[PDB]
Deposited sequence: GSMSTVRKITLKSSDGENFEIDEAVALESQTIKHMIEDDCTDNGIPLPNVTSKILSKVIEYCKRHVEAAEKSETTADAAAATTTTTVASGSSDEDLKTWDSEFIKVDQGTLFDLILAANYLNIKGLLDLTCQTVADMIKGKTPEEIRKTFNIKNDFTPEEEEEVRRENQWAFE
């Protein structure tokens, strides 16, 4: 039984064993960076993983993970930030797999367009990077 407060100031409570899934929290709680929504998402993830810890159940957990993964771009970015901050392997890995599936896409115009990435390659550098990876094209 531990109490976690977020930027919203809500003293979200969770069990000690469930909160132990975060290495940063276990080592050391204002938590000025993690937002209330993202903190609630990590709390739900930790609760579900603790329930699973205490196959058919394995694939049910994977399906629940896939359902929870369905969030927009900003939510996924914030989830990655929070997972990196709080030292959670599973959540960071799941978000990384989702982003990898997203970037498994088309020619570089697609990747630069979906992520609003603004490339500024010099013409020499752009052409050279195209030639040095010609095997893929």
{"item": "Chain regions without C-alpha coordinates, deposited sequence numbering", "value": "1-7, 36-44, 71-89, 173"}
